[PDB]
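> first piece of the complex, coordinates kept as in the full assembly:
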Amino acid sequence: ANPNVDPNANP
Amino acid sequence: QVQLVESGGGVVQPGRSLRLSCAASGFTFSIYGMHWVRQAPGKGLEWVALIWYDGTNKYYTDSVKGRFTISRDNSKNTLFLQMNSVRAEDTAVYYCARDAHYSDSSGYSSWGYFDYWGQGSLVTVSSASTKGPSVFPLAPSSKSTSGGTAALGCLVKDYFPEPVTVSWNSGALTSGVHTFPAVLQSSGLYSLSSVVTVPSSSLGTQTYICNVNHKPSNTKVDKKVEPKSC
Amino acid sequence: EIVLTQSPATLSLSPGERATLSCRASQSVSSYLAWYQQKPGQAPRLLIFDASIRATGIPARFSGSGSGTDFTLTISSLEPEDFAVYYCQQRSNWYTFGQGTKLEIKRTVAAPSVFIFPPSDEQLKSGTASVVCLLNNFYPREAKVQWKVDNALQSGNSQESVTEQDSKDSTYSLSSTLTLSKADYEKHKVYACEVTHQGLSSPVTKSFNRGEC
């Protein structure tokens, strides 16, 4: 429940 | 070649729904997280929501949680914001923005910034109904003369929604014209003035007419502005 | 929430000069800070991310520095395309923005010319009276408009609007609109707008007498 994790492909 | 083209904005009554679209081109839409960020008139930027590249995770700012839904259709390169139960305070320019995914020489990743943005889609939430402005002269006189220059103008009052346009003498007069930003009155209707400065010697021999256009209501008004003797 | 406080609110500078903009975070955001540029009617533009990394296509005259809670955006030599509003943004904890610093074009002082307009007979017949005061072509931006009706200072019944800096002469203009019911307007004689500005040695008042126009 963390909104600042990398939201893009290939993190 | 990154492009984000928004559509779907406009005037919505409170409690109703509106869906914004953000069509992406010039990059691989389906590998980027995407955000909505909004800007109320004359205010700063407020992050609204985020959706992962694959549509799995979604996050919202508290004031829209339970009312707005973010979604995407990667097959159509489109990002959506479904706005339900809208409130007046939702009035804003809504931008879609790409999450800025960066990788350095040693492979370290960065994210969480907004590197490309849509053009903005204005959503106006109001119970006001479409209304053309009433156009009144701002008449020149000795109390609107400084030196050898006189000011005159037109007050463009009680219209909804934005915008209006004002010209002078069917466009023949452009020098010295100032058309002010509208103000939202307590009534929920907008109002603005358009003014122009002219040589005071021309008040007797030159006719001045403001041409007001309010496209939402099909209002067109030519108003003669004649001098007074204050 | 992490609150970002920018200073100064407005920076008034000329092309070629160094501009220094500050952003302070209420708690550490490490280096998770970005700077944006925004011009009227346009979307924001990413300039700097991770506190000091310049985005692609951003001119080298832009540089960011800082960490923790104190950050600085520097424009080494301002250029005309740089006059704009600048925002900082953090992504350490959710996503918040500063309230903005406006980088405006400095010019010489111009005191406003002051004009007052009575309500039209046409508006009055409709039941309302708007009295408009115009402050034309002034710089710097700070000004005070005071309305007096029969020599009594008004409060709460006026709204102001201000143009952007003129593209040619970099001045501002301002309108103040005093709104009364027709019945209240008809109770009074003298309608006055009093203007103060740093370019004015004394306040400038324009007034009219109801029914003399």
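Yep, it's here. Numbers count the residues shown, from 1 in each chain, chains lettered A, B, ... in the order given.
> before we move on, what SS does residue C:122 have?
helix (DSSP: H, G, I helix; E, B strand; the rest coil).
> for the residue most central in space within chain A, which non-adjacent residue is spatially closest?
In chain A, the residue lying closest to the centroid (CA atoms, centre = their mean) is residue A:6, at 2.3 Å. Closest residue to residue A:6 apart from its sequence neighbours, by CB to CB, 6 or more residues apart in numbering or on different chains: residue B:111 at 4.7 Å. Backbone N, C-alpha and C define where each C-beta goes, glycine included.
> show the contacting residues for that neighbour.
By CB atoms under 8 Å, 6 or more residues apart in numbering or on different chains, the contact list for residue B:111 reads A:6, A:7, A:8, A:11, B:33, B:99, B:100, B:101, B:102, C:91.
> was I right to think the third one contacts residue B:34?
No - the pair formed by residue A:8 and residue B:34 falls short of the contact definition of CB atoms under 8 Å, at 9.6 Å.
> these two: who's more crowded?
Just comparing residue A:8 and residue B:34: by other CB atoms under 10 Å in any protein chain shown the higher neighbour count belongs to residue B:34, 26 against 20.
> who's in contact with the more buried one?
Residue B:34 makes contact with B:22, B:50, B:51, B:53, B:70, B:72, B:79, B:96, B:97, B:98, B:99 under the criterion CB under 8 Å, 6+ apart.
> quick one on the thing from earlier: find residues that contact each of residue A:8 and residue B:34.
Both residue A:8 and residue B:34 are contacted by B:53, B:99, under the criterion CB under 8 Å, 6+ apart.
> spatially central residue in chain B, please.
Central residue of chain B (CA atoms, centre = their mean): residue B:122, 5.4 Å from the mean position.
> from what I can see it touches residue B:93, true?
Yes - taking contacts as CB under 8 Å, residue B:122 lies within contact range of residue B:93: 5.2 Å.
> to the structure above, add chain D:
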Amino acid sequence: XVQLXXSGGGXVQXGXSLXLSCXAXXXXXXXXXXXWXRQXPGXXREXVXXXXXXXXXXXXXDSXXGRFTXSXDXXXXXXXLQXXXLXXXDXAXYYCXXXXXXXXXXXXXXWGXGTXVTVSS
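Just below you will find chain D, in place on the chains above:
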């Protein structure tokens, strides 16, 4: 008191062609160079081409050489940017401007409102 109105932008497939126009009102433009610039998202405005007065030549940026061509219709107070062999990288807002200096130092006092050109699929 010059107004520049741009038109002719839009969406093209790669390899295709467009022609932008820049119509001037309130000044006869024949004596003045007119230039095209473009601004891709997030970048600064970059020179594209200039048409000087007729017989004083046209000059171009490296990025459009051999593909775009500027021309003038002085009688209609309009300048054009013929854009051939378009690529995705040409996607940008294109602006036109008048050089108010007849000696061609580029005093770009008046600008058009911009027209979007998108080159995709």
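> hmm, back to that, state the distance from the residue nearest to the centre of chain B to chain A.
According to CB to the nearest CB, to the nearest Å, residue B:122 and chain A sit 26 Å apart.
> for that residue, what is the enclosing helix or strand?
strand B:121-125 (DSSP states H and E).
> now do the helix or strand following that strand: which elements does it pack against?
The element immediately downstream of strand B:121-125 (helix or strand, assigned by DSSP H and E) is strand B:134-138. In this structure, strand B:134-138 makes packing contacts with strand B:149-159, strand B:209-214, strand B:219-224, helix C:121-126, judged by 3 or more CB pairs under 8 Å, 6 or more residues apart in numbering or on different chains; DSSP states H and E.
> repeat that with 6 Å
strand B:149-159 (3 or more CB pairs under 6 Å, 6 or more residues apart in numbering or on different chains; DSSP states H and E).
> what about the strand it packs on, near chain C?
Yes - against chain C, strand B:149-159 shows contacts by CB under 6 Å from any CB of the partner chain at B:151, B:155.
> repeat that for stretch B:41-60.
Yes - counting by CB under 6 Å from any CB, contacts between stretch B:41-60 and chain C involve B:44, B:45, B:47.
> if you rank these by neighbours, which is first?
Among the residues of stretch B:41-60 next to chain C, residue B:45 has the most neighbours (other CB under 10 Å), with 26 neighbours.
> apart from its chain neighbours, what residue comes closest to it?
In space, and not counting its chain neighbours, residue B:45 is closest to residue C:97: 4.4 Å by CB to CB, 6+ apart.
> which residues does the one you found contact?
B:44, B:45, C:87, C:89 (CB atoms under 6 Å, 6 or more residues apart in numbering or on different chains).
> related to what we said a few turns ago, which SS class is the residue nearest to the centre of chain A?
coil.
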